[PDB]
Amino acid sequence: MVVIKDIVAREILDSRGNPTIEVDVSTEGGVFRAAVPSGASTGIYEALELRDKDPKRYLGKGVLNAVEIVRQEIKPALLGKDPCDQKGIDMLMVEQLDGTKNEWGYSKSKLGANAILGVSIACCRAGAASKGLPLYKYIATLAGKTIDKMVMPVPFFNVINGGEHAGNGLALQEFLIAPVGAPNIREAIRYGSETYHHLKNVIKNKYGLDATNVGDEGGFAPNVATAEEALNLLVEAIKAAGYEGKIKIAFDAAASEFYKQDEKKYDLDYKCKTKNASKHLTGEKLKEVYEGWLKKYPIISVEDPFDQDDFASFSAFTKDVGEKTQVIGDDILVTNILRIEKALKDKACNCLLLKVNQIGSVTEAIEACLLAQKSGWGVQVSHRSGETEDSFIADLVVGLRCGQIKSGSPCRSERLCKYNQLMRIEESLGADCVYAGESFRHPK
């Protein structure tokens, strides 16, 4: 039995040089810290983070107002409370102290999702200490999962970039590699790292040294015009690295970015100077293109294949490929219960991309994960473009028994601290853990 003795927040910088919020919760057991990744300050479905909007500081991206919220609103309301009452603390902040609710659920507009999550994670971390348990086992406790035979997740490393993250012709946003065939996660990380360096070398020699400079998530943005060229580089790299058959491929289309709202078309050539009518596809036809790549390449997962509001296409694609392939819903679900329930009723997808700061609290993150799992869906915990030194999602993925996680390329320490944390988790557990492997989407 411990209680919240103090709560102080501060402004720190995320992986991209932009301010983010870090919180320190104190109990008789010590000081507990949590740093929140970056999200969206404006939006219609997701939880909005509070930013100063002062052009004279950090180009308007400061979080001082957020720091003051924690001190002036959240602190006085939590002093004396038991940090182990995760649900009580999260619902107090979200429903009572804030209460700002849009038509899709609580927005967390007044206090800001960033201020709330910071406290939620810090209390969650203080609670684990109060119970004398490592973070991963404590999360499992909150989710109703068991603390033995915990599943280590399959990591999804970003490798090739397109869409709005590159000047190349590639329309899809991300191409990743996933070592499902590794015996354990420490090896999974090696397979990933080696294949990644091999790919770097290939790019260095073909596209030049400057093409080996990385993007926000640590991936490369070589001058490839089509998905086929991207997919070809990956298969060559995997084979050359010696992991043919042990490392699979996955991609994030981010189709919303190339969707033509009125005519209801998807323009695979939205970046090309000379436009081709043959590439302005309807949902049903875009589907067939993906189905073409699935039979030709070892693709095991597809994220945001269509616009965030095109449930028709999602449903059709999932109906055709759902059994043997994973269809992740990111922008379409936005880690939102109501959005998920609608997806479930329409069988839009079969996997939830879980961005914790997108929903705002740990309790809400957990219920969303549980809803997906109870419905037969898989769950992939995700990082953000703007991450931090905090490895929370690493313990989260293990505690929620997802057996699946994408947290960037094996490059840039905001991505690696998560992967490093997973390896420590694995040592600690030792024989008391198993690797998701081929069962990443539905762990045993």
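All residue numbers are counted from 1 along the displayed sequence.
- request: On mean C-alpha B-factor from the PDB entry, just flag whether 433-441 or 4-12 is the higher one.
  value: Comparing averages over the C-alpha atoms only gives 433-441.
task: Quick one: say whether 297-305 or 90-98 has the higher mean Cα B-factor in the deposited entry.
output: Mean CA B-factor is higher for 90-98.
- prompt: Looking at 197, 125, 190, 342, which has the biggest Cα B factor in the entry?
  reply: If I rank 197, 125, 190, 342 by C-alpha B-factor, first place goes to 342.
query: Whose C-alpha has the highest temperature factor in the PDB entry: 118, 215, 242, 179?
result: Answer for 118, 215, 242, 179: 242, with the highest C-alpha B-factor.
Chain third (lowest, middle, highest) by recorded CA B-factor, residue given as residue 279: Its C-alpha B-factor belongs to the highest third of this chain's values.
query: Ranked by Cα temperature factor within the chain, is residue 114 in the lowest third, the middle third or the highest third?
result: Lowest third - that is where residue 114 ends up once the chain's C-alpha B-factors are sorted.
- prompt: Based on the entry's values, in what third of the chain does the Cα temperature factor of residue 404 lie: lowest, middle or highest?
  reply: Middle third - that is where residue 404 ends up once the chain's C-alpha B-factors are sorted.
query: Which third of the chain does residue 56 land in by C-alpha B-factor: lowest, middle or highest?
result: Top third by C-alpha B-factor.
- prompt: Of the three thirds of its chain by CA temperature factor, lowest, middle or highest, which one includes residue 390?
  reply: CA B-factor rank for residue 390: middle third.
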